[PDB]
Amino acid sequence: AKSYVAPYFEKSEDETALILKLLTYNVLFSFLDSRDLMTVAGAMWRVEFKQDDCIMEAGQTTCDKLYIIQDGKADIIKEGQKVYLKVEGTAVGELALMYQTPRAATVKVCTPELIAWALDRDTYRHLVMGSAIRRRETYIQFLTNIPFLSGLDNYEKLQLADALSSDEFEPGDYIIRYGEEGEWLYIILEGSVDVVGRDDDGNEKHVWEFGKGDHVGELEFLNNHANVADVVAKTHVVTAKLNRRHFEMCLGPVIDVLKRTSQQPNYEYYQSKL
């Protein structure tokens, strides 16, 4: 991990800046610092495809690159059926580079053009991958039991795991602080928490108690406002958190469920804050 020298491929400073924006939202790069992000972007090169081009084909064994889509879209096709639609900013060909397997599916361009940014297997495995498989596999056992994640398919739960990181809190620790910017959605894996808002007069007000499998922090993501309450650990608590920049990338399919949840009777407090 230390002595690996990535290739550098010629590109303009505009292309590098465009790449960095992509790496910012795609979860494969969630935990890279500035320098490794700069080096990963140096190690990438632009490719182009036409409609119906197969960027890769199920069962192939030369698998020495993944791609990050800048523009256009691609179908993911297993056993002849389209199973998944890959859109701008997402990755294709990452599974074979992570698990050293043949391509799990055909990837076929379904827009007139597709522009994507390619990355070789060695630079990914060495600079990017890190503990992604250990991280995926530690979280997935929990994730399949989180109720609001039921609308994420299996591929999407493992993708969310690429962007999660965990924390331990002690009784009385502030996980979320009232009036500050919401930056993390927390999934509770062990313990209990209190939601503490304020009334009109500004007094502390107990709102709700949440536990294992619950989620907090997403209200400020949905409707772009300051934290409406504290969230305080009642017990020794353990959480996985998702950064705001990965919110839509990872939770797109259950966003409508989070909005439904925010109109339930236990968000009456939050309801009257507008």
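So that there is no doubt, residue numbering starts at 1 and follows the sequence shown.
J.: Please work out which of 89-97 and 142-150 has the higher mean CA B-factor as recorded in the PDB entry.
T.: Per the deposited B-factors, the answer is 142-150.
J.: Mean CA B-factor: is it higher for 43-51 or for 26-34?
T.: Looking at the recorded C-alpha B-factors, 43-51 comes out higher on average.
J.: Identify, among 65, 245, 215, 225, the residue whose C-alpha carries the highest B-factor in the deposited PDB entry.
T.: Result of the comparison over 65, 245, 215, 225: 225.
J.: Taking the Cα B-factors listed in the entry, which of 189, 118, 185, 127 comes out highest?
T.: Answer for 189, 118, 185, 127: 127, with the highest C-alpha B-factor.
J.: Could you place residue 174 in the lowest, middle or highest third of its chain by Cα temperature factor, using the values in the record?
T.: Middle third, going by the recorded CA B-factors of the chain.
J.: Using only modelled residues of the chain, where does the Cα B factor of residue 16 rank: lowest third, middle third or highest third?
T.: Within its chain, residue 16 is a lowest-third residue by C-alpha B-factor, going by the deposited values.
J.: Quick one: classify residue 108 as lowest, middle or highest third of the chain based on its Cα B-factor.
T.: It belongs to the middle third of the chain when residues are ordered by C-alpha B-factor.
J.: When the deposited Cα B-factors of this chain's modelled residues are ordered and cut into thirds, is residue 78 in the lowest, the middle or the highest one?
T.: Answer is middle: the recorded C-alpha B-factor places it there.
J.: If you rank the chain by CA B-factor, which third does residue 122 end up in: lowest, middle or highest?
T.: Tercile = middle for this residue's CA B-factor.
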